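Here is the structure we will look at.
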Amino acid sequence: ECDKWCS
Amino acid sequence: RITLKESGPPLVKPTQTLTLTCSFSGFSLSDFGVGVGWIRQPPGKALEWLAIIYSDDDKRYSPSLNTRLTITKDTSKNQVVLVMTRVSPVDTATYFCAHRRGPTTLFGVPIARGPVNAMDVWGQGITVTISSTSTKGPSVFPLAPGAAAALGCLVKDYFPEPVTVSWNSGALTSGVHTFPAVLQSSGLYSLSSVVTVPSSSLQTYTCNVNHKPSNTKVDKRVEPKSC
Amino acid sequence: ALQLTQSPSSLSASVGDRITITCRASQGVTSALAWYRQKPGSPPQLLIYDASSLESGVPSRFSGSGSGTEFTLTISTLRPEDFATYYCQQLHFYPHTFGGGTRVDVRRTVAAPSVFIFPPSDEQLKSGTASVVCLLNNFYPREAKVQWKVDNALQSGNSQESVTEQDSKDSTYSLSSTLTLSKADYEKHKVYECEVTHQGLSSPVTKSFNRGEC
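This is how it looks when you write it as structure tokens:
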């Protein structure tokens, strides 16, 4: 899944 | 100044549980978006990511090791603990913990996330060996033969590291190559130490081997066989 | 999962050169990529974060560029402390992958290894084990391939090797490979051979002996 700081 | 340091057992036996502690200073795991991760490095191999934990307590693990890892934090003690269960020999590696910055804030408002893209400060690393071996001294055997000749000593089946080898009580240094030990499937180490000399010097050659852990010193004179 | 491939895996250079290491990702990682330099015996040190930002306190000769799936680190004027292994790390997707690393070592003229094969000592044999060691001495570049053959059978899974660190005077490497067999198996064969492939050798060189021959 995407890293914590995605979006 | 941020500093981190790993601590735990240097030796662990297969099937056992390994608990590693990262104690740090210079930041708090209560600071905004900060993370502390763990990375390992088997001897001679590449870095391998293991897990990370953030100050808001989100945790993430390597999918390959997920079932054996638990990471936790103790904010008031400035420590992060990583517990690995059921270790086996392939888990022998140097284990590092590292700091990960949280986004930069301006008047407590996140304005830059670029600084989170790296683990910026690392601990020195802690070496962990997984073997069921008990302390044991090496058996030393001779290795006997541009027109250079080679000879050496095979320092076999000892535990744990390290062992020291010199030639002619320290007087022979040129042409000496003492290789890094390999951990055999048996759980014991083994290494060779060789020396190259003009095919004429065949002068005497004796390797001085010393395994402090087991109180085993051996001097083995090596020559070109054939009586 | 996501793959990060570094190129080249190994690279030779001299003080003052400009080198560039590249890292390619199997899926786009935006700008979430970091470069590190790791010297022997030390932890990795952050050079570049977020694909191109220079980490504080890191010398300006280091530079990083790229985004998406292709990144590059270039050191404009190599200094002695840069002989080391470099790694890239992706932080866009979990797990936060590392590349395989690229070793940067002191360039010197190609040198083929001097190869030697050592039979097991009678002393070891009495304990029931047989170690056959092969030595590849002072060669360059680092990559070398050792293949053990016993009575022409290709050996596999029964040898281990280790390589010294680049010599500070020679710039060459040496490699030791140990073939291990029970005394019994040892006794069931005659020709023990160590086959060596290396860039400095026109074709593979083989060093061997016949067991028990006196």
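The listed protein sequences derive, respectively, from chains C, B and A. Using PDB author numbering, read the first sequence as starting at 1 and increasing by one per residue. In case it helps, PDB author numbering puts the second sequence at residues 1 to 35, 35A to 35B, 36 to 82, 82A to 82C, 83 to 100, 100A to 100N, 101 to 126, 133 to 189, 192 to 216. Using PDB author numbering, read the third sequence as starting at 1 and increasing by one per residue. Ideal Cβ positions, reconstructed from N, Cα and C, are used throughout, including at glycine.
Using only the heavy atoms of the ligand NAP, determine whether one of them is closer than 7 Å to the beta carbon of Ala51 (chain A). The ligand NAP is not part of this structure, which contains no ligands at all.
Could you pull the start and end residues of the alpha helix (DSSP H) that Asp185 (chain A) belongs to? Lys183 to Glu187
Taking Cβ to Cβ, would you say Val142 (chain B) is nearer than 8 Å to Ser172 (chain B)? no
First and last residue of the alpha helix (DSSP H) that includes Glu212 (chain B)? Taken as a continuous stretch (DSSP letters only), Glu212 (chain B) belongs to no alpha helix (DSSP H), as it is neither H nor E.
In whole angstroms, what is the alpha-carbon distance linking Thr183 (chain B) and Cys216 (chain B)? 21 Å
Note down the Cα distance separating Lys209 (chain B) from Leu125 (chain A), rounded to an integer number of angstroms. 17 Å
Tell whether a beta-carbon distance below 8 Å holds between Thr87 (chain B) and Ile111 (chain B). yes
Taking only three categories from DSSP, how would you classify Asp72 (chain B)? strand
Can you give me the Cβ contacts of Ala49 (chain B) inside the same chain, cut-off strictly under 6 Å, excluding the 5 residues immediately before and after it? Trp36, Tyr59, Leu67 and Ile69
Provide the residue span of the beta strand (DSSP E) that contains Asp105 (chain A), from first to last. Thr102 to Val106
Please list, in chain order, all residues of the same chain as residue 129 (chain B) whose beta carbon is under 6 Å from its beta carbon, the five residues on each side excluded. A break in chain B separates 126 from 133, and the residue in question, residue 129 (chain B), sits inside that break with no coordinates.
Proximal chain C residues relative to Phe93 (chain A), where beta-carbon distance stays under 8 Å: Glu1, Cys2 and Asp3
Residue interval of the alpha helix (DSSP H) (run including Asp122 (chain A)): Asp122 to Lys126
Looking only at its own chain, which residues have a Cβ that is under 6 Å from the Cβ of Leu178 (chain B), when we skip the five neighbours before and after it? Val142, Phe166 and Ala168
Using a Cβ-Cβ distance cut-off of 8 Å, determine whether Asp50 (chain A) contacts chain B. yes
Who are the neighbours of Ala32 (chain A) on chain D, taking C-beta pairs under 7 Å? You won't find chain D in this structure, because its protein chains are C, B and A.
Quick one: is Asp122 (chain A) buried, meaning 16 or more other Cβ sit within 10 Å of its Cβ, or exposed? exposed
For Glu148 (chain B), three-class secondary structure by DSSP: coil
Output yes if chain A places a C-beta closer than 8 Å to the C-beta of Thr183 (chain B); else output no. yes
Using a beta-carbon distance below 8 Å, is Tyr52 (chain B) in contact with chain C? yes
Classify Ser187 (chain B): buried if its beta carbon has 16 or more other beta carbons within 10 angstroms, exposed otherwise. exposed
Based on Cα-Cα distance, which residue from A:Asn137, A:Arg142, A:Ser162 and A:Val133 lies nearest to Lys149 (chain A)? A:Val133
Which first and last residues belong to the beta strand (DSSP E) in which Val15 (chain A) is found? From DSSP, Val15 (chain A) is part of no beta strand (DSSP E); its letter is neither H nor E.
Drop a sphere of 10 angstroms on the beta-carbon of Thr97 (chain A), count the other beta-carbons inside from all chains shown, and report buried for 16 or more, exposed for fewer. buried
Which term fits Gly139 (chain B), buried or exposed, when burial requires 16 or more other beta carbons within 10 angstroms of its beta carbon? buried
Residue-chain proximity (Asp55 (chain B), chain C), Cβ-Cβ < 8 Å: no
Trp47 (chain B): first and last residue of the uninterrupted beta strand (DSSP E) it sits in: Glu46 to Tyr52
Considering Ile75 (chain A), what are the terminal residues of the beta strand (DSSP E) in which it resides? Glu70 to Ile75
Contact set between the segment 19-30 of chain B and chain A, restricted to residues whose Cβ is under 9 Å from the partner: none
For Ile107 (chain B), count the other beta carbons within 10 Å of its own beta carbon; 16 or more makes it buried, fewer makes it exposed. Which is it? buried
May I ask which residues mark the beginning and end of the beta strand (DSSP E) holding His96 (chain A)? It is not in any beta strand (DSSP E) - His96 (chain A) carries neither H nor E in the DSSP assignment.
For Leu136 (chain A) versus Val196 (chain A), is the C-beta spacing smaller than 8 Å? yes
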